[PDB]
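> experimental structure and sequence below, a few questions after.
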Amino acid sequence: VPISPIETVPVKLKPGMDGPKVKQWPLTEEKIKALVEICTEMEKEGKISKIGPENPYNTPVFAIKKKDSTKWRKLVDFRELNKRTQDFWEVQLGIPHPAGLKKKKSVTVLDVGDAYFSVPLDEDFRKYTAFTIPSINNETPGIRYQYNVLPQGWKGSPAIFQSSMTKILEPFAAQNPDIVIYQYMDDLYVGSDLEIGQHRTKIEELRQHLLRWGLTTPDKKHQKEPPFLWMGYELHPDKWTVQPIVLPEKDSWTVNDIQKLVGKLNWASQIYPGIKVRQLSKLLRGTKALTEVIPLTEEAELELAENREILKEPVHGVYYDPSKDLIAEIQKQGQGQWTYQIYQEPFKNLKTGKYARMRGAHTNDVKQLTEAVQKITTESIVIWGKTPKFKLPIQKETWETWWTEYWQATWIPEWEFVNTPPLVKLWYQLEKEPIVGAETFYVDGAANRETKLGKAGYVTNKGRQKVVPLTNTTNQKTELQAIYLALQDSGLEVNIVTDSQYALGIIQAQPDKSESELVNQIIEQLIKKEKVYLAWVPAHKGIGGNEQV
Amino acid sequence: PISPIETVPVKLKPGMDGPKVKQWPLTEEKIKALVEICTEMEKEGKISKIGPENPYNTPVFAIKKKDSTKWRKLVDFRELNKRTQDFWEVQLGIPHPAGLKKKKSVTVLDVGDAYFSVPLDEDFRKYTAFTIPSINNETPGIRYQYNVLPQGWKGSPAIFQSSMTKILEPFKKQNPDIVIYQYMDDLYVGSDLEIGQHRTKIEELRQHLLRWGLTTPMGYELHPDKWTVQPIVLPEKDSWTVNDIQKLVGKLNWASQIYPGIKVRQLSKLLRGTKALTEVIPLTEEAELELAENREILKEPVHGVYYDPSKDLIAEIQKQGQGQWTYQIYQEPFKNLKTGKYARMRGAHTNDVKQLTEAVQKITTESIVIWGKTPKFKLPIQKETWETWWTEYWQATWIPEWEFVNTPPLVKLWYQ
Ligand SMILES: N#C/C=C/c1cc(Br)cc(Oc2ccc(Cl)cc2OCCn2ccc(=O)[nH]c2=O)c1
């Protein structure tokens, strides 16, 4: 009989809000008896108290039959009360990551039954919890109750129970500092490096302690032999991995299917090196609907194929050893795609992960590498409470010549060069100064913003002039294609001069890759060249210029 | 400790609840530091552990004091400030002296410890709640709320106002030539005295406060009479190419928006015809005349630019390279209240984030001196990067508001 001698947490309603009033007279003459029995058995345990109709409040109560029919369960709808009660501290927004756990010699898992019913509820609040089982009929008043403990489904049950459990544990943790206890919901995960016998002992002591506090634990041993299928994980004594991930096979795919697909793939990516979600996620730009069918692309099909190839052979993670160094390694994959592995040991990976940029049109490799490093820094701080040693496929000359002249401020930790091609490099560098005697193209271009027709053209110093007609183009794409034009018609050394701040914007940032085909072409031309100098002049200011209307 | 009168009643702006801001993840080192610090502050009854019934949270960080090995705890009260202090700005507000920026020297003192003497209004305490985060969500964080006046909350200097005025009163009357302005936890003391003499007066004030029970844990020395809006400089060169004149005309075109008078019309005629970029060009009479128009009109600042206390202060920083940075503080575009530059060393220590942090702190301090308020920054850094590494170099008790700008095209060229 789990009653409690515990300090209650005071609870108030949201200011200006009274208690919930909702009523159900009819039906369910079968289940009403189950409600009678359940409530009588719940009264003897002091969990609920029958109340005189002094004009208190009311909420619905339904008795639902459990499957595999054996016993009945009682469900209450507290949504109204939950709507009117105050706000509490978030119990958990996070989850602990197995890669951060410390390897232990013994791990016991206890689950406390009637967790919420074992914690008393604040007195002044108890009137708001009043629910009333209806009576069959004839206009005979239903039997009124109210909760003496944390009601199930109530807004403040998880937080308050977490607190109560924490305090209940507080003395024991001090009495036995050599073992470690984790709280997750009902579950207590205990572990120790001491003798198996000592372990069994300590566990039993804690069990009887909780039982003295009114918290029941599994009576036959501790049960729960490893694995240990927990929160979508397989926890082995020396190893950790992910519960099996089933990738289906379909003729037609919908938004829901692609979303669950990229979900399972994301969940896989932590322990499985090589996972690529890019094209599949690009298919999710079709978010307009849910059940809408989305035809797969070739790239997406190959992505899912490669993922299937990766998943077919199981691989495992290793636990954390604070007495060992923390290392992180980043390797390049594909278009906008990067992968990393965090490990303390050469063949033993703590975890893996991926990084890709969903926002912005044009970005280079050094930048993406930096961003990956950042993501891993954050992730490692959250998981292990520190920042690892990075080992990167980039020369120091490269990055030094990068973060020096990059307009944005950036910082990266101690990192060691590793040679495992492709190595991140600068495919081209714009000149900071013009080129002597080399042909200087003056470029311009425009478009009618209605007819959507445009022209891109150049006039050089040597006298060369050209105008290329362009259909279905806007004013920006023209002034980019003017730079393109001047690139393809020029020798290995060229001074291009434009009035477009947009084009200068794109070029000066020196992207190695973009999703714009024109910008990709311009990039290819820039790589193929030797010395390119882009220069800017104010539009319509009457310098040498190109005037073609 | 005992309260002279009952705790000062502190309410919240009507229709506004307490800050729910989440706690940033921390490194094990900083967590342990905050755990020692908070254990000690709890031992001193300065703070108290709280229950699940306190939904409010404001973040905590671990930053060092000056150069020392002592870990200090910094609370970001910016949200709680926005909520409770906007009408604690009017009600208890400390007016800003306009003479602090005109004095030849200014020193800053950290008086914040004083706030630990005064108890905090009970009803309000729930709003000061914070959390020390566990590594890897292995445990829920440790939750305290402030029993006394917390540092960084701007309600604290407002409540302690009267007491500070008391303690300062004799020193003030004995020294009529000294300007004293409290912003947050800092005392800003200006004077026209010689440096040594200024330091004498400062040490005097320090010891005075010290024997009144106010502890104040070479130093921070400001010289606001060197502060002025920095002009635009057009290059000085012996031989000029076509490109140099292009950049000249461009920078002049952008600058012509700030100052109307200047015109480049005579400098364009030397670029007449389609020139090669590296073609060397001489300097004619008219173009040089318009350069004489160029340099003398850019050394005298704009008119009609006035500070609006209602509008926020906006600070933009651009990285010019080699440790150098530049900045502009202004309310409305094309109008500039303050303009400047900053130079760190050539390295052997510093990195981008460090230099930017020191820069932001400098600029904020200047703004505190001049307008009595902190500017809102547009930062040339990736959000996650700053949010990770900013606490490292942060030596100050306050924090400014900030956002992150991704797109300067040409401006790095124009402000150098
Ligand atoms: N349901 C279910 C189980 C879920 C569960 C969830 C968490 Br969070 C922790 C946990 O066990 C541990 C508890 C405390 C400590 Cl200090 C380490 C642990 O693992 C250390 C590594 N380890 C993990 C399991 C095992 O058998 N042996 C072992 O050394 C179990």
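Here it is on my side, so go on. Numbering: from 1, shown residues only, chains lettered A, B, ... in the order given.
> just the buried residues of stretch A:122-142, please?
A:122, A:125-126, A:128-134, A:142 (16 or more other CB atoms under 10 Å in any protein chain shown). No exception for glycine: its C-beta is placed from N, CA and C like everyone else's.
> mind listing what's buried along the helix or strand that residue B:364 is a member of?
Residue B:364 belongs to helix B:352-371 when assigned by DSSP states H and E. In terms of neighbour count (16+ other CB under 10 Å), helix B:352-371 has its buried residues at B:352-361, B:363-371.
> please apply the same query to stretch B:330-347.
Using 16+ other CB under 10 Å as the test for burial, stretch B:330-347 gives B:330-331, B:336-340, B:342, B:344.
> kindly report the same for stretch A:175-193.
Neighbour-count burial for stretch A:175-193 [16+ other CB under 10 Å]: A:176, A:179-181, A:183-184, A:186, A:188-192.
> quick one on the thing from earlier: following the helix holding residue B:364, which helix or strand comes up?
The helix or strand immediately downstream of helix B:352-371 is strand B:376-379, counting by DSSP H and E.
> helices and strands around the helix holding residue B:364, which ones?
strand B:186-191, strand B:314-321, strand B:324-330, strand B:338-343, strand B:376-379, helix B:383-389 (3 or more CB pairs under 8 Å, 6 or more residues apart in numbering or on different chains; DSSP states H and E).
> next, see if the longest one gets close to chain A.
Yes. Judged by CB under 8 Å from any CB of the partner chain, strand B:314-321 comes into contact with chain A through B:318-319, B:321.
> any of those buried? List them.
Buried among the residues of strand B:314-321 next to chain A by 16+ other CB under 10 Å: B:318-319.
> and of the residues of strand B:314-321 next to chain A, the nearest to residue A:116?
Nearest to residue A:116 out of the residues of strand B:314-321 next to chain A is residue B:319 (CB to CB; 55.6 Å).
> what's the separation between that closest one and residue A:429?
Distance from residue B:319 to residue A:429, counting by CB to CB, to the nearest Å: 19 Å.
> next one: residue A:505
17 Å.
> more neighbours: these two, which one.
residue A:505 (15 against 12; other CB atoms under 10 Å in any protein chain shown).
> once you drop chain neighbours, what's closest to residue A:211?
residue A:217 (6.9 Å; CB to CB, 6 or more residues apart in numbering or on different chains).
> these two touch, right, that neighbour and residue A:210?
Yes. Counting by CB atoms under 8 Å, residue A:217 does reach residue A:210; the two are 5.8 Å apart.
> now do the same contact list for residue A:35.
Taking CB atoms under 8 Å, 6 or more residues apart in numbering or on different chains, we find residue A:35 in contact with A:61, A:63, A:74, A:133.
> including distance to the ligand and secondary structure, could those residues go into TSV?
Shown next, in TSV, are the contacts of residue A:35 (distance: CB to the nearest ligand atom, whole Å; DSSP: H, G, I helix; E, B strand; the rest coil):
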residue	distance to the ligand	secondary structure
A:61	32	strand
A:63	30	strand
A:74	26	strand
A:133	36	strand
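> out of those, flag the one nearest to residue B:10.
Closest approach to residue B:10 among these (CB to CB): residue A:61, at 43.1 Å.
> now do the helices in the stretch 251-400 of chain A.
In the stretch 251-400 of chain A, the helices defined using DSSP state H, counting those that start in this stretch lie at A:255-269, A:278-282, A:298-311, A:365-384, A:396-403.
> again but with chain B, I slipped
For chain B, the helices defined by DSSP state H cover B:28-43, B:78-84, B:86-90, B:122-125, B:155-159, B:161-174, B:195-211, B:242-255, B:285-297, B:352-371, B:383-389, B:411-414.
> which of the residues of strand B:314-321 next to chain A lies closest to the ligand?
For the residues of strand B:314-321 next to chain A, the residue nearest the ligand by CB to the nearest ligand atom is residue B:319; the value is 43.3 Å.
> ok, the closest residue to residue B:16 other than its chain neighbours to chain A distance?
With CB to CB, 6+ apart as the criterion, residue B:16 has its nearest non-adjacent residue at 5.1 Å, and that residue is residue B:83. Going from residue B:83 to chain A by CB to the nearest CB, to the nearest Å gives 15 Å.
> wait, what's in contact with residue B:83?
Per CB under 8 Å, 6+ apart, neighbours of residue B:83: B:12-13, B:16-19, B:127.
> likewise for residue B:374?
Contact analysis of residue B:374 by CB under 8 Å, 6+ apart lists B:313, B:364, B:367-368, B:398, B:400-401.
> residue A:131 versus the residue lying closest to residue A:80 once chain neighbours are set aside, what's the distance?
Sequence neighbours aside, residue A:20 is the residue nearest to residue A:80 in space, at 3.8 Å (criterion: CB to CB, 6+ apart). From residue A:20 over to residue A:131 the distance is 10 Å, taken as CB to CB.
> could you do residue A:268 as well?
Computed as CB to CB, the residue A:268 to residue A:131 distance reads 44 Å.
> tell me the residues of the stretch 201-350 of chain A that contact the ligand?
With CB under 6 Å from any ligand atom as the criterion, the stretch 201-350 of chain A meets the ligand at residues A:224, A:226, A:228, A:230, A:235, A:237, A:319.
> can you pull up the most central residue in the chain?
Unless you meant another one, I'm taking chain A. Nearest to the mean C-alpha position of chain A, by CA atoms, centre = their mean, lies residue A:266 at 8.9 Å.
> my question was about chain B, not that one.
Residue closest to the mean C-alpha point of chain B, counted by CA atoms, centre = their mean, is residue B:364 at 1.7 Å.
> shared neighbours, residue A:20 and residue A:131?
A:58-59.
> can you name every helix or strand that the strand or helix carrying residue A:486 contacts?
Element membership of residue A:486, judged by DSSP H and E, is helix A:475-488. When contacts are defined as 3+ CB pairs under 8 Å, 6+ apart, helix A:475-488 sits against strand A:440-447, strand A:453-460, strand A:465-471, strand A:493-498, helix A:501-508, helix A:517-528.
> out of these, which comes closest to residue A:138?
Once those are compared by CB to CB, helix A:517-528 is nearest, at 79.2 Å.
> next secondary structure after the closest one?
Using DSSP H and E, the helix or strand that follows helix A:517-528 in sequence is strand A:531-536.
> identify the residues contacting the residue in the stretch 251-400 of chain B that the ligand sits nearest to.
The minimum distance from the stretch 251-400 of chain B to the ligand, using CB to the nearest ligand atom, falls at residue B:388 (25.1 Å). Going by CB under 8 Å, 6+ apart, residue B:388 touches A:374, A:377-378, A:381.
> which parts of the stretch 151-300 of chain A sit against chain B?
Counting by CB under 8 Å from any CB, the stretch 151-300 of chain A sits next to chain B at A:156, A:159-160, A:162-163, A:166, A:182-183.
> now the residues you listed: which count as buried?
Applying 16+ other CB under 10 Å to those, the neighbour count classes A:156, A:159-160, A:162-163, A:183 as buried.
> re earlier: quick check: closest non-adjacent residue to the residue nearest to the centre of chain A.
Distance criterion CB to CB, 6+ apart; nearest residue to residue A:266, sequence neighbours excluded, is residue A:277 at 6.5 Å.
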